[PDB]
Number of protein chains: 4
Amino acid sequence: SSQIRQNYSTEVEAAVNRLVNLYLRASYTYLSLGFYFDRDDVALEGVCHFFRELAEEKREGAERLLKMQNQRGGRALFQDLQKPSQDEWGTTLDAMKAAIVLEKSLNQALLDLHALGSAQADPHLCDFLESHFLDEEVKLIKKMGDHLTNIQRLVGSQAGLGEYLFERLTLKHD
Amino acid sequence: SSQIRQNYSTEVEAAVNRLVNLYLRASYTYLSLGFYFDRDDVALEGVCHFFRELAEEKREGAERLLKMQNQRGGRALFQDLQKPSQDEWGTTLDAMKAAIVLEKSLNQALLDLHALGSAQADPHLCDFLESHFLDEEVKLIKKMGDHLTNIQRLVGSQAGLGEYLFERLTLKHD
Amino acid sequence: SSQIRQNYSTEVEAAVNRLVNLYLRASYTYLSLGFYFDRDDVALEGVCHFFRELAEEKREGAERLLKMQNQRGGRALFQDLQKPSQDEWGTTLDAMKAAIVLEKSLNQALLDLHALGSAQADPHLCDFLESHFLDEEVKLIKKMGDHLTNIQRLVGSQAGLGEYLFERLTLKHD
Amino acid sequence: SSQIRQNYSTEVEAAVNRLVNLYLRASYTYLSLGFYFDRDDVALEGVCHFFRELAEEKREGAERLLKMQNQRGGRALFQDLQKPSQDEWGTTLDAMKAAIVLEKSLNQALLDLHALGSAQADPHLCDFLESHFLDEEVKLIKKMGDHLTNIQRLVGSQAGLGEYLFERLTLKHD
Ligand SMILES: [Cl-]
Ligand SMILES: [Cl-]
Ligand SMILES: [Cl-]
Ligand SMILES: [Cl-]
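Conventions used here
For each chain, numbering restarts from 1 and follows the sequence as written, which can differ from how the entry numbers it; residues lacking coordinates are not listed. Lettering for chains starts from A, numbering for ligands starts from 1, and both go in the order in which the items are written. A larger assembly contains the chains displayed, and the values given here are confined to that displayed part. Computation of side-chain values: all heavy atoms of the structure, hydrogens and water removed. Residues with missing side-chain atoms are left out of burial classes, side-chain pairs and their counts. Comment: elements are numbered from the N terminus, with helices defined as DSSP H or I runs of at least four residues and strands as E runs of at least two. Contacts are assigned to residue pairs with any non-hydrogen atoms lying within 4.5 Å of each other. Here's the idea: put two parts together, see how much 1.4 Å probe accessible area each one loses, and the total over both is what we call buried area. A pairing counts as a salt bridge when a side-chain nitrogen of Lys or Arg comes within 4 Å of a carboxyl oxygen of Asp or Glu. Polar contact is the term for a pair of N or O atoms within 3.5 Å; when the atoms are in protein, one must be able to donate a hydrogen and the other to accept it, and sequence-neighboring residues count only if both atoms are side-chain atoms. Copies superposed on C-alpha atoms by least squares. Stacked, edge-to-face and tilted labels apply to pairs of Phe, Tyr and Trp rings (six-membered ring for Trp) whose centres lie within 6.5 Å, assigned for plane angles under 30 degrees, over 60, and everything in between, in that order. Whether a residue is buried, partly exposed or exposed follows from its accessible area with a 1.4 Å probe, protein chains only, as a fraction of its type maximum: under 20%, in between, or over 50%, in that order. UniProt positions are given in the numbering used here, feature names are shortened, and annotations may be inferred rather than shown by experiment. The set of buried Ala, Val, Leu, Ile, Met, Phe, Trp, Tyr and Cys residues whose side-chain atoms join them within 4.5 Å is what this entry labels a nonpolar core. Residues with no salt bridge and a relative accessible area higher than 30% make up the patches, which join like charges within 9 Å and nonpolar side chains (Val, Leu, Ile, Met, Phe, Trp, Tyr) within 5 Å. Working definition of accessibility: Shrake-Rupley area with a 1.4 Å probe, residue cover restricted to the visible protein chains. Think of each axis as a best-fit line through the C-alpha atoms, taken over the contacting stretch in the case of a helix, with angles from 0 to 180 degrees between the N-to-C directions. Any angle from 65 to 115 degrees is called roughly perpendicular, while one under 35 is roughly parallel, one over 145 is roughly antiparallel, and all others are oblique. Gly is placed with the polar residues, together with every amino acid not listed as nonpolar (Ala, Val, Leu, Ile, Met, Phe, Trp, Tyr, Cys and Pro) or charged (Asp, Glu, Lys and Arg).

Things to note about the overall build of chain A
- For chain A, the count of helices and strands is 5 helices and 0 strands.
- In chain A, the succession of α and β elements from N to C terminus is α-α-α-α-α.
- Once the C-alpha set of chain A is aligned to its principal axes, its extents read approximately 60 × 25 × 25 Å.
- Sequence separation of 24 or more characterises 80% of the internal contacts of chain A that already satisfy a separation of 6 or more.

A short note on the interface of chain B and chain C
- The partner chain C presents 31 residues to the 31 residues of chain B that form the contact.
- Summing both sides of the interface, chain B and chain C together bury roughly 2700 Å²; the carbon and sulfur share of this comes to 54%.
- The three residues of chain B that bury the most area against chain C are B:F35, B:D40 and B:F78, which together make up 23% of that side's buried surface.
- One can count 6 salt bridges joining chain B with chain C.
- The partner of B:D41 in a salt bridge is C:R75, and the shortest N-O contact between them spans 3.2 Å.
- Here chain B and chain C share 15 residue pairs in polar contact between them.
- Counting only elements with at least two residues in the side of chain B that touches chain C, the list comes to helix 1 (10-37) and helix 2 (45-72) of chain B.

Some thoughts on the relation of the copies chain B and chain D
- The transformation that overlays chain B on chain D combines an axial shift of 0.0 Å with a rotation of 120 degrees, and the residual RMSD is 0.0 Å. With respect to symmetry, the two chain copies, as superposed, fit the operation of a three-fold axis. Looking at the rotation axis and the C-alpha trace of chain B, the residue lying nearest is B:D127, at 4.9 Å.
- Mapped onto chain D, only 9% of the interface residues of chain B again fall at the interface, so the copies present different surfaces.

So, the packing of aromatic side chains
- Applying the stated criterion to the full structure yields 26 aromatic pairs over all chains.
- In this structure an aromatic cluster arises from ring pairing among A:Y30, A:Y36, A:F37, A:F50 and A:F51.

Here we look at the relation of the copies chain B and chain C
- Rotating chain B by 180 degrees and moving it 0.0 Å along the rotation axis overlays it on chain C with an RMSD of 0.0 Å. The superposition of one copy onto the other is thereby described by a two-fold rotation axis. Minimal C-alpha separation from the rotation axis in chain B is found for B:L81, amounting to 2.5 Å.
- When the interface residues of chain B are mapped onto chain C, 100% of them are again interface residues, pointing to one common binding face.

Things to note about the pattern of salt bridges
- Following the criterion strictly, the structure yields 52 salt bridges over all chains and no others.
- Of the charged contacts in the structure, one is a salt bridge between C:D40 and B:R75, with a shortest N-O distance of 3.0 Å. With C:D40 in the loop between helix 1 (10-37) and helix 2 (45-72) and B:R75 in the loop between helix 2 and helix 3 (92-119), this residue pair bridges two chains. B:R75 matches C:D40 in its accessibility class, with the two residues each being buried.
- One salt bridge connects C:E103 with C:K58, and the closest N-O pair in it is separated by 2.8 Å. Residue C:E103 is found in helix 3 (residues 92-119), and its partner C:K58 is found in helix 2; the two are separated by 45 residues along the sequence.

Observations regarding the UniProt feature "binding site: Fe cation" in chain A
Residue and element names in this part refer to chain A.
- Per the UniProt annotation, the sites labelled "binding site: Fe cation" are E53, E56, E57, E60 and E63.
- Here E57 lies in helix 2 (residues 45-72).
- Structurally, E60 can be placed in helix 2.
- Among the residues examined, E60 registers a relative accessible area of 37% and is labelled partly exposed.

Looking at the side chain of C:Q6
- In this structure, C:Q6 sits in the segment before helix 1.
- Only 2.9 Å separates the side chain of C:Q6 from the side chain of A:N107, close enough to count as a polar contact.
- Every residue in contact with C:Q6, bar those within four places of it in the chain, is listed here: A:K104, A:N107, A:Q108, A:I141 and C:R72.

Quick look at the interface of chain B and chain D
- With 11 residues of chain B in contact, the opposing surface of chain D contributes 17 residues.
- Counting each side, the surface lost to burial between chain B and chain D is near 1200 Å², with a carbon and sulfur contribution of 57%.
- Applying the counting rule to chain B against chain D returns 0 salt bridges.
- The interface formed by chain B and chain D holds 4 residue pairs in polar contact in total.
- Contributing elements (two or more residues each) for the side of chain B that touches chain D: helix 2 and helix 4 (123-153) of chain B.

Some thoughts on the nonpolar core
- In this structure, B:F37, B:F51, C:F37 and C:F51 are the most contacted members of the largest nonpolar core, which totals 108 residues.
- At the level of elements, helix 1, helix 2, helix 3 and helix 4 of chain B together with helix 1, helix 2, helix 3 and helix 4 (123-153) of chain C are the ones that each hand at least two residues to this core.
- Those residues in contact with C:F51 that sit more than four places away from it in its chain are C:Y30, C:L33, C:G34, C:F37, C:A95, C:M96 and C:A99.
- D:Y8, D:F50, D:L110 and D:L165 belong to the second-largest nonpolar core, a separate cluster that totals 54 residues.

Quick look at the environment of C:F128
Residue and element names in this part refer to chain C.
- Assignment of secondary structure puts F128 in helix 4.
- For the pair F128 and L65, spaced 63 residues apart in the sequence, the C-alpha separation amounts to 9.2 Å.
- Excluding anything up to four places from it in sequence, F128 contacts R64, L65, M68 and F133.

Things to note about a nonpolar patch on the surface
Residue and element names in this part refer to chain A.
- Together, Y28, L31, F35 and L81 give the surface a local cluster of nonpolar side chains, amounting to about 360 Å² of exposed area.
- By the secondary structure assignment, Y28 is in helix 1 (residues 10-37).
- In this structure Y28 comes out as partly exposed when scored by relative accessible area, which is 40%.

What to know about the packing of helix 1 of chain A against helix 3 (residues 92-119) of chain A
All names here are of chain A.
- Closest axis-to-axis distance for the helix 1/helix 3 pair is 11 Å, and the angle between their directions is 170 degrees. Considering their axes alone, helix 1 and helix 3 lie roughly antiparallel with respect to each other. The segment helix 1 lies against helix 3, with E11, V12, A15, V16, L19, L22, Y23, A26, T29, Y30, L33 and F37 engaging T92, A95, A99, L102, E103, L106, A109, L110, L113, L116 and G117.
- A class-by-class count of the residues in the contact of helix 1 with helix 3 yields 18 nonpolar, 3 polar and 2 charged.

Notes on the arrangement of the chains
- Across the 5 pairs of chains that are in contact, the largest number of contacts falls between chains B and C.
- Over all C-alpha pairs, chain A and chain D never come within contact, reaching a minimum spacing of 48 Å.

Focus on unusual backbone geometry
- You will see that A:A121, though not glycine, has its phi angle at about 50 degrees, which is positive.
- Within the secondary structure layout, A:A121 lies in the loop between helix 3 and helix 4 (123-153).
- Among the residues examined, A:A121 registers a relative accessible area of 53% and is labelled exposed.
- Backbone geometry at C:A43 places phi at a positive 60 degrees, although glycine is not the residue there.
- With relative accessibility at 10%, the residue C:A43 sits in the buried group.

Structure (structure tokens):
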């Protein structure tokens, strides 16, 4: 079973497993976003790359949670992973709006788990989230907000031009 | 007190202290401009960087004045530093117009102090301003005037597009 | 306005702006201390350098606070910056005593803001202060306390000798 | 005679020759100061080195004046060089006080010549002094004032100790 578990509540253990599911769901959403922007009828390489990188980052966050679960003596439990909310993601603007909604949901889940840890007097859990998740999420949401503002300023009366220019001049591409 | 002071009028000493205040005020104005352009709802990185660099340059000018005050045997006297004239700075165009107004005010203060030094037959003071301040200010005002012209040509009927393009293609960013 | 703000109270936002003012005030106090020790009638280079470095450190702390304010979606608001409490700072001992009073005031402000963040369940704020401010301040206050003890032991009946020796043999100079 | 002279008054030409004499006199004074501190019954190596370096600097200033005299088409005229004002120079404090008196006299001579050049509308002369002499002299007088303050603080009731320590810990020696 476990000979190591200490100060690790069943409530935190379950909440960590749920958060793993949320991060893997987010990773899957970003995989879908990335491949949508690689369609020949969409063809925005920088947008594709932005979301493919986020799919990897969310996968890695799930793996860090799972490592920690085992370090604490809890037990990973995996659930079905629901498919993303859309099959087609619209414009870069639509996609970036969906991404910031997703990230705020992950951030609230992190804050909720931190509050549970606080309540349970679990400082290792609280430290873990502070050190590896909370600032990473604030930084990412600030980046997305920056991007949304620039996308919005480029719409003008010439949406296609603006969408090309943002992809070319802000996002990273070959 | 001082055993070194020679040919250094009380009028120049006081005017140097006032100029220190003006440069520190200018530095504070540029700090505010820089952080405004870093807002997620403004998000013009090149504009942010332009003004953050000027905040550092004006700080350094104040420090050079203070070093000189002591080299001459005058006494630094610091006054309260008023907050910048605005909390929000509008568009890049509004900000660059405010910056050139600010720089012309600093330039007139430099010219006034040079004229006082001339009147007081203080060639070290006059040399000091010629060598470290007057051309730096002319160069900067020419740069700002160049930028204003380019910003103005980009307004068109598509202001957001123009403001993005200027930030991307003229100003230095990551 | 902001599309990123999440779990960031108006109370914390205002307190961060106040703390910016306190750090910029502290920076200004250290600028004045530094230039006082550069006077030809004071002439303690190591003391000058010690306080000029602190002016830069406090400026940088204010800039880190302002970056964080924007990362969280709050709005920087700048106030007038009061001049330092003295125009002349006495002996190295007087100056180091004033510095530790100043640092304890900054430390209490940090602790107060941490307590507000705790109360508001704002773990990103609390982490931010823990990671970038609290230990830096404890380290600095310990250094100043060390210096005060050494300065005090050197007073003897030969104050000028002691003040020279401390500057020469403890503080960093050319 | 000269085929190059232009805008170079006889008054400036004569004043340049006088200034050469003053600089060579100063160099000779510093040679004497240096060798006094090398006496086995004085034996303050750092003090010796300080004044020997100034003897070289004043020689070089005279040579720069003579080069300029020829560049302008004036004619060098050399006069007898009076011996220094003392044969023995007392303590480091006495010597540093004599040095700052000497430097203020050179500085006033520079300022007087600058004023003559101004009056004669001789901008090359004025530039020459600004570029190669005025700031060098302000810097040196500030250094000497710094040293005087430190020497004075070290007198205490233990003059010999203070004089040793200043030589050892402020002045450059082997
Ligand atoms: Cl589903
Ligand atoms: Cl005001
Ligand atoms: Cl005040
Ligand atoms: Cl004689």
